[PDB]
2 protein chains.
Amino acid sequence: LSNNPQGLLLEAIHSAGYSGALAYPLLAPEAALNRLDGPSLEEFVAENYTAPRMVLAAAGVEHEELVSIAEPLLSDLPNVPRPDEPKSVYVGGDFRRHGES
Amino acid sequence: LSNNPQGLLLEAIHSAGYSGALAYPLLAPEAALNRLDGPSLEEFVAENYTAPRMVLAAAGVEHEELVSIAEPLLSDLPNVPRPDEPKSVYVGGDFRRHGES
């Protein structure tokens, strides 16, 4: 990953400035990469992929046929309400990482 | 190197909280290691390993014997003017490095 310092700096800004929900990394550090599992992903999806968070957008598709095809395949999901939004607070921060370049 | 964090932190403190002389690292970073060479060592030794900065100390040796064997081996070194010691100021802040969990 080190070959793209721009993305690294953007991620470092997020990690070092935000605290919590927005400071959570986006690129799966080594330990978490080692620890992740199929059941972990399955539980994450089952808990977070609920109906009030599904939007089926179409670009050049007629509405009538689109809904006629996507109603049977989606109307049977459980109606789990939206959880509380993950709150984060912005603080200062200084990140610094030496390397070869 | 990471197996002993104490030495790493001593080196880090020296580098961070000194500026030139004491800040010069002791464990030869990778770029310096690649740059280093035999002729460079030759020149460094020939420039620095001079007589006015050499002490030969014995622990269990008669002084007469030691001097009688050492004078025919060190008396002909060139007399140099002992170039001055480097300067270093203390003002320094923080070093932070992220590793294992």
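As a convention, Cβ positions derive from the backbone with ideal geometry for all residues, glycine included, and neighbour counts pool all protein chains shown. What follows is calculated from the coordinates using simple rules that are stated; it is not laboratory data.
Can you find a residue in the range A:16-39 that is in contact with a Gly (Cβ under 6 Å, 6 or more places away or on another chain) and polar (S, T, N, Q)? Taking every residue of the range A:16-39 in turn, none turns out to be in contact with a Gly (Cβ under 6 Å, 6 or more places away or on another chain) and polar (S, T, N, Q).
Residue-by-condition table, conditions (1) under 30 Å from residue B:9 (Cα atoms); (2) within 14 Å of another protein chain (Cβ to nearest Cβ); (3) surrounded by fewer than 10 Cβ atoms within 10 Å (Cβ to Cβ):
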| position | (1), (2), (3) |
| --- | --- |
| B:52 | no, no, no |
| B:57 | no, no, yes |
| B:80 | no, no, no |
| B:83 | no, no, no |
| B:95 | yes, yes, no |
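Of all residue pairs spaced 6 or more apart or on separate chains, those with beta-carbon atoms under 6 Å, a first member in the range A:4-19 that is farther than 9 Å from residue A:95 by Cβ and a second member that is of a type in the set (A, V, I, L, M, F, W, C) are A:19/A:89; A:19/A:91.
Would it be correct to say that residue B:58 is on the phi > 0 side of the Ramachandran plot and without any contact (Cβ under 8 Å) to a residue 24 or more places away in the chain? If you could, list the steps in order and put the result at the bottom.
Numbers: on the phi > 0 side of the Ramachandran plot: no; without any contact (Cβ under 8 Å) to a residue 24 or more places away in the chain: yes.
So residue B:58 fails the test.
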